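Asker:
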Amino acid sequence: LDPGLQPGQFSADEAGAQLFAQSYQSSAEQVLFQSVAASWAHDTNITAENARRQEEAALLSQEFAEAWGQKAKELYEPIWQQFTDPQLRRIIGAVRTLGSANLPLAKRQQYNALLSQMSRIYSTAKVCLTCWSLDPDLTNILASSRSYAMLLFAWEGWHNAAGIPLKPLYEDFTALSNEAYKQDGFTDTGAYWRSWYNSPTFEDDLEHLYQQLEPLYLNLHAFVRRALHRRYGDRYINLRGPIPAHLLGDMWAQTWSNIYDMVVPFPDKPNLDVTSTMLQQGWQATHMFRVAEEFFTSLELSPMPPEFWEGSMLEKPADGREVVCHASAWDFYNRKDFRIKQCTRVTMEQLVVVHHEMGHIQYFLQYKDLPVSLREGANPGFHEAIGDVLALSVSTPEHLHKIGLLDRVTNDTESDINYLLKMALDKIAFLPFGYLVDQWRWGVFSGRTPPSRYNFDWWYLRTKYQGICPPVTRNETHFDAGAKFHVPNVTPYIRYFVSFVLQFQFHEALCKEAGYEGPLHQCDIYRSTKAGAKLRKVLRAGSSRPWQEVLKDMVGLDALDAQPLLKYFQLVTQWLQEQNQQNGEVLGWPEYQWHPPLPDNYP
Ligand SMILES: *[C@@H]1O[C@H](CO[C@@H]2O[C@@H](C)[C@@H](O)[C@@H](O)[C@@H]2O)[C@@H](O[C@@H]2O[C@H](CO)[C@@H](O[C@@H]3O[C@H](CO)[C@@H](O)[C@H](O)[C@@H]3O)[C@H](O)[C@H]2NC(C)=O)[C@H](O)[C@H]1NC(C)=O
Ligand SMILES: C[C@H](N[C@H](C(=O)O)[C@@H]1CCCN1C(=O)[C@@H](N)CC(=O)O)C(=O)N1CCC[C@H]1C(=O)O
Ligand SMILES: *[C@@H]1O[C@H](CO)[C@@H](O[C@@H]2O[C@H](CO)[C@@H](O)[C@H](O)[C@H]2NC(C)=O)[C@H](O)[C@H]1NC(C)=O
Ligand SMILES: *[C@@H]1O[C@H](CO[C@@H]2O[C@@H](C)[C@@H](O)[C@@H](O)[C@@H]2O)[C@@H](O)[C@H](O)[C@H]1NC(C)=O
Ligand SMILES: [Ca+2]
Ligand SMILES: [Cl-]
Ligand SMILES: [Zn+2]
């Protein structure tokens with residue numbers, strides 16, 4: 001560790017810890033910057049040399065974290081929890097958590113190499129017939150093909166190509182991760198991840214939320230299943246069994262927006278799939294990012310800085326480079342460099358992803374002057390919700406008309422049902438998937454799910470919650486959890502379930518602050534500077550205060566609550582129940598063992 005980056009001495013009291021935290025701040029920004037920069041160089045240019053450089057940067061980060069972590073415990077272990085300054089407690093509490101820096105050198109190097117190899121495997125996997138990549142080739146197949154056989158080839162090809170080689174690395178990663186966090190006092194890595202929410206009843210509270218939401222999903226599922234049956238027939242769709250996992254428009258069946266044309270109940274109302282109009286009008290990636298920015302500035306939030314426009318990667322490179330295409334937002338921890346890396350495609354769903362990522366950037370901009378340990382969301386679900394809340398306003402038929410994507414305007418019951426059904430295909434279909442991913446991972450970290458049951462327990466949960474089945478037989482050579490980005494890239498997932506509930510609480514509060522008095526699902530907070538100011542107070546807080554209190558200041562309640570989501574969807578919830586009843590549907594999938602047959606002469 002360079003001399004300028006090492007911790008000195010400080011007195012063993014609160015006045016000293018304050019000076020300790022200020023000296024830490026200075027050197028942490030340098031160490032974090034070099035680590036984020038090396039990660040950027042690799043993720044926009046996957047090469048063996050760039051991976052080597054990223055591993056060396058990660059090792060330096062661990063050396064820094066150990067030195068300052070050990071100094072914090074040396075001086076403050078018996079007194080930090082009684083400090084008067086609540087922000088200083090949170091800073092010291094974070095610095096004394098070493099994570100992977102608890103491992104000995106040889107195991108640190110093994111850990112860093114596993115992260116690098118798992119990332120490379122996921123983002124360079126191909127399906128060959135001449136080879137298709139996930140983004141854009143396989144993505145476009147899953148969204149627009151209606152050939153059962155072509156969808157099956159793409160789904161099976163991707164899951165085999167990405168998942169099978171990841172499994173031995175993921176086993177080794179799990180054991181090293183658990184060994185590291187056991188030294189911080191956690192029973193396993195999952196217990197450390199859940200601790201970020203500072204709620205002793207976290208798992209029960211989530212289960213109670215899902216009980217309120219499940220009927221809405223069961224009814225959307227049965228309605229969509231019926232539509233698929235009319236197109237694919239009784240051989241490939243069982244009206245009392247799970248839906249084949251490759252027929253819902255998306256590689257993970259996690260958002261169903263791309264099958265809207267098969268389910269839309271009132272098709273002579275205005276056409277809400279505005280992707281065609283974006284194409285017809287010549288929208289490109291940079292248009293999409295500028296339109297998102299202007300929503301933020303309409304609220305008197307910050308524009309994107311020059312450093313963002315000069316540094317970001319907003320299209321997939323055409324120069325034969327391998328990149329990580331999965332969209333992401335970047336804080337370089339120097340209060341100046343902020344970027345997005347996205348292989349942007351011209352579609353309405355991608356316009357929503359652009360808003361999602363710009364919400365992350367806006368948080369970074371607003372909390373950049375806090376101490377580095379407090380530059381995070383009040384909890385991770387807050388960070389995930391910011392951009393989605395603004396996109397709820399952008400998606401409204403009224404707002405799409407204002408930006409030239411919907412010429413005709415209607416305000417009637419049929420048009421509302423169309424809109425709420427389209428929104429449900431995104432927000433309601435996702436809920437079981439958002440909930441189940443970390444149930445799977447918590448069981449792997451705790452040891453309830455050993456390697457011998459990775460795929461058995463994954464498909465148990467996929468069927469239990471989403472009501473889908475794999476369209477070809479799977480066994481424990483397959484590792485289908487690994488074919489989802491966040492698993493090999495070690496990103497937690499329960500934050501997205503939390504976000505999809507929270508964003509409707511945020512929306513209701515901002516709409517009220519803006520003075521809006523119509524139906525919640527027709528609110529558009531565009532140009533509301535009062536709503537902007539309420540949101541800004543959240544963003545500028547970072548993690549300096551307990552999330553329960555920040556939430557109470559914003560929405561008037563100190564807990565997650567499903568009521569605003571239920572209020573938003575109420576009209577289509579009622580309508581779908583009526584339709585399924587009149588159609589005589591069975592809600593659920595009691596033929597839980599059913600799988601579809603293979604196509605004749607496949608492949
Ligand atoms: C689409 O249309 C709805 C429904 O409008 C209502 O029903 C129609 C059949 C007509 O009879 C309309 O004249 C009638 O308003 C609109 O929702 C309605 O918005 C108005 C405000 O613009 C609401 O009135 C307010 O209600 C609050 C109390 O909640 C009072 O304090 C206010 O003084 C004011 O009276 C009305 O409650 C609301 N109705 C419903 C069912 O939500 C909606 O605004 C419109 N959408 C667009 C984009 O124009
Ligand atoms: C498209 C989105 N990409 C993630 C996100 O933006 O959350 C990326 C990859 C993992 C983290 N991440 C970041 O950008 C972080 N750096 C943010 C931060 O540091 O706070 C994604 O995975 N989403 C969108 C909703 C559903 C879910 C999905 O598509 O499965
Ligand atoms: C992708 O990364 C490679 C390194 O892995 C870069 O290659 C270097 O390019 C510079 C150009 O100024 C040369 O001076 C180095 O000798 C190259 N290194 C190696 C190992 O070949 C490459 O430039 C990067 N590509 C892009 C587009 O950034
Ligand atoms: C696991 O599955 C592997 C490949 O899938 C199999 O081959 C296709 C063509 C179908 O027969 C499908 O039903 C099978 O699952 C096999 O290579 C492998 O031997 C299977 N078993 C084990 C223990 O790996
Ligand atoms: Ca981050
Ligand atoms: Cl999380
Ligand atoms: Zn996000």
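Read left to right, the sequence shown gives residues 1 to 129, 135 to 608 (PDB author numbering). All C-beta atoms, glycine included, are put in the ideal place defined by N, C-alpha and C.
1) Between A154 and the rest of its own chain, which residues show a CB-CB distance below 8 Å, the 5 nearest in sequence each way excluded?
2) Could I get the ranges of all uninterrupted beta strand (DSSP E) runs contained in the stretch 288-355, with 3 residues as the minimum, in chain order?
3) Nearer than 7 Å: is that true of the beta carbon of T124 relative to any heavy atom of ligand 3?
4) State the start and end residues of the unbroken alpha helix (DSSP H) segment that holds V577.
5) Tell me whether the beta-carbon of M309 lies closer than 8 Å to the beta-carbon of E298.
6) Ignore the nearest five residues each way along the sequence and tell me which others in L214's own chain have a CB closer than 7 Å to its CB.
7) Would you say the beta carbon of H331 is closer than 7 Å to some non-hydrogen atom of ligand 7?
8) For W137, which beta-bridge partners are listed by DSSP?
9) Specify, as a first and last residue, the run of the alpha helix (DSSP H) that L284 falls within.
10) Taking the CB atoms as reference points, tell me whether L223 and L592 lie closer together than 8 Å.
11) Can you give me the start and stop residues for the alpha helix (DSSP H) that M428 sits inside?
12) Give me the Cα-Cα distance between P205 and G195, rounded to the nearest whole angstrom.
13) Taking 8 Å as the limit between beta carbons, can you name the residues of its chain near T496, skipping five residues before and five after?
14) I'd like to confirm something about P497: is its beta-carbon nearer than 7 Å to some heavy atom of ligand 6, or not?
15) Go to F502, then tell me how far its alpha helix (DSSP H) extends in each direction, as first and last residue.
16) In terms of residues, what are the limits of the alpha helix (DSSP H) holding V492?
17) Go through its chain and collect everything with a Cβ distance to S307's Cβ below 6 Å, but skip five positions before and after it.
18) Let me check you understand the geometry: is the CB of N276 closer than 7 Å to at least one non-hydrogen atom of ligand 3?
19) What are the boundary residues of the alpha helix (DSSP H) that includes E55?
20) Among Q30, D529 and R236, which one has its Cα closest to the Cα of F301?
21) Around the Cβ of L129, are there at least 16 other Cβ atoms within 10 angstroms (buried) or fewer (exposed)?
22) DSSP three-state label for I473, please.
23) Candidates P247, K321 and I264: which alpha carbon is nearest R236's?
24) What residue does the alpha helix (DSSP H) around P402 start on, and which one ends it?
25) Which word fits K542, buried or exposed, when buried means at least 16 other C-beta atoms lie within 10 angstroms of its C-beta?
26) With the cut-off set at 8 Å, would you say residue 640 and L98 are in Cβ contact?
27) Starting from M559, trace the alpha helix (DSSP H) both ways and give me its first and last residue.
28) Suppose contacts are defined by Cβ-Cβ distances below 8 Å. Is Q109 in contact with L59 by that definition?
29) So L156 is in the alpha helix (DSSP H); what residue range does that whole segment cover?
30) Put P608 into one of helix, strand or coil per three-state DSSP.
31) For a test of your reading of the model: does the CB of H365 fall under 7 Å from any non-hydrogen atom of ligand 7? Yes or no.
32) In terms of alpha-carbon separation, which member of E389, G287, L571 and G382 lies closest to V357?
33) At a cut of 8 Å, does the stretch 64-76 reach the stretch 4-21 through at least three beta carbon pairs?
34) With DSSP as the reference, label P249 as helix, strand or coil.
35) DSSP three-state label for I530, please.
36) For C474, does the count of other Cβ atoms within 10 angstroms reach 16, so buried, or fall short, so exposed?
Answerer: By the coordinates alone:
1) On the sequence shown, position 149 is the one that residue 154 refers to. In its chain, beyond the 5 residues on either side, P604, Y607 and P608 have a beta carbon closer than 8 Å to the beta carbon of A154.
2) 333-336 and 343-346
3) On the sequence shown, residue 124 is found 124 positions in, with the first residue counted as 1. Answer for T124: no, Cβ out of range of ligand 3.
4) Locating residue 577 in the sequence shown gives position 572, where the first residue counts as 1. Note, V577: alpha helix (DSSP H), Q568 to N588.
5) For the purposes of this step, residue 309 is identified with residue 304 of the sequence shown, where counting begins at 1. For the purposes of this step, residue 298 is identified with residue 293 of the sequence shown, where counting begins at 1. Result yes, Cβ atoms of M309 and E298 sit closer than 8 Å.
6) Translated into positions along the sequence shown, residue 214 becomes position 209. Closer than 7 Å at Cβ, skipping near neighbours: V506, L565 and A567.
7) Here residue 331 refers to the residue found at position 326 when the sequence shown is read from its first residue. Not under cutoff, so the answer is no.
8) Taking the first residue of the sequence shown as 1, we reach residue 137 at position 132. Beta-bridge pairing links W137 to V127.
9) Walking along the sequence shown from the start, residue 284 turns up at place 279. According to the DSSP assignment, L284 belongs to the alpha helix (DSSP H) that extends over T280 to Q286.
10) Stepping through the sequence shown from its first residue, residue 223 is reached at position 218. Stepping through the sequence shown from its first residue, residue 592 is reached at position 587. Going by beta carbons, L223 and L592 fall inside the 8 Å limit.
11) Within the sequence shown, the letter at position 423 stands for residue 428. Its alpha helix (DSSP H) spans residues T418 to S451.
12) On the sequence shown, residue 205 is found 200 positions in, with the first residue counted as 1. On the sequence shown, residue 195 is found 190 positions in, with the first residue counted as 1. Roughly 14 Å between the two C-alpha positions.
13) Stepping through the sequence shown from its first residue, residue 496 is reached at position 491. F490, listed in sequence order.
14) The residue labelled residue 497 in the question sits at position 492 within the sequence shown. Yes; taking the cut-off as 7 Å, the Cβ of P497 has a heavy atom of ligand 6 nearer than that.
15) For the purposes of this step, residue 502 is taken as the residue at position 497 of the sequence shown. Segment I499 to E518, the alpha helix (DSSP H) holding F502.
16) Position 487 of the sequence shown, counted from the start, is the residue given in the question as residue 492. Per DSSP, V492 lies in no alpha helix (DSSP H) segment and is marked neither H nor E.
17) To locate residue 307, count along the sequence shown from 1; it is residue 302. Closer than 6 Å at Cβ, skipping near neighbours: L370.
18) Position 271 of the sequence shown, counted from the first residue, corresponds to residue 276. Every heavy atom of ligand 3 is 7 Å or more from the Cβ of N276, so no.
19) As a working note, residue 55 is residue 55 in the sequence shown. That run of the alpha helix (DSSP H) goes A48 to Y76.
20) Within the sequence shown, residue 301 is the residue found at index 296, counting from 1. With distances taken between Cα atoms, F301 lies closest to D529.
21) Residue numbering aside, residue 129 sits at position 129 when the sequence shown is read from its first letter. Label assigned to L129: exposed.
22) The residue labelled residue 473 in the question sits at position 468 within the sequence shown. In the structure shown, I473 sits in a strand (DSSP, three-state: E or B).
23) Here residue 236 refers to the residue found at position 231 when the sequence shown is read from its first residue. Comparing Cα-Cα distances from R236 to each of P247, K321 and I264, the minimum goes to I264.
24) As a first step, residue 402 must be located in the sequence shown, where it is residue number 397. Note, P402: alpha helix (DSSP H), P402 to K407.
25) On the sequence shown, residue 542 is found 537 positions in, with the first residue counted as 1. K542 comes out exposed.
26) One cannot answer for residue 640 here, as it falls past the ends of the chain, which runs 1 to 608.
27) Taking the sequence shown and counting its residues from 1, the one referred to as residue 559 is at position 554. Looking at the DSSP string, the run of the alpha helix (DSSP H) that includes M559 is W552 to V560.
28) Within the sequence shown, the letter at position 109 stands for residue 109. Within the sequence shown, the letter at position 59 stands for residue 59. In contact: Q109 and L59 (Cβ atoms closer than 8 Å).
29) One-based indexing of the sequence shown puts residue 156 at position 151. First-last of the alpha helix (DSSP H) with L156: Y153 to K187.
30) On the sequence shown, residue 608 is found 603 positions in, with the first residue counted as 1. Reduced to three states, the DSSP call for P608 is coil.
31) Numbered from its first residue, the sequence shown carries residue 365 at position 360. The answer is yes for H365.
32) Position 352 of the sequence shown holds residue 357. Among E389, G287, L571 and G382, the Cα nearest to that of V357 is on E389.
33) Contact annotation: the stretch 64-76 touches the stretch 4-21, with at least three C-beta pairs closer than 8 Å.
34) Taking the first residue of the sequence shown as 1, we reach residue 249 at position 244. Residue state, collapsed to three classes: strand.
35) In the sequence shown, residue 530 corresponds to position 525, counting from 1. The answer is coil: DSSP assigns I530 none of H, G, I, E or B.
36) On the sequence shown, residue 474 is found 469 positions in, with the first residue counted as 1. By the 10 Å Cβ count, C474 comes out buried.
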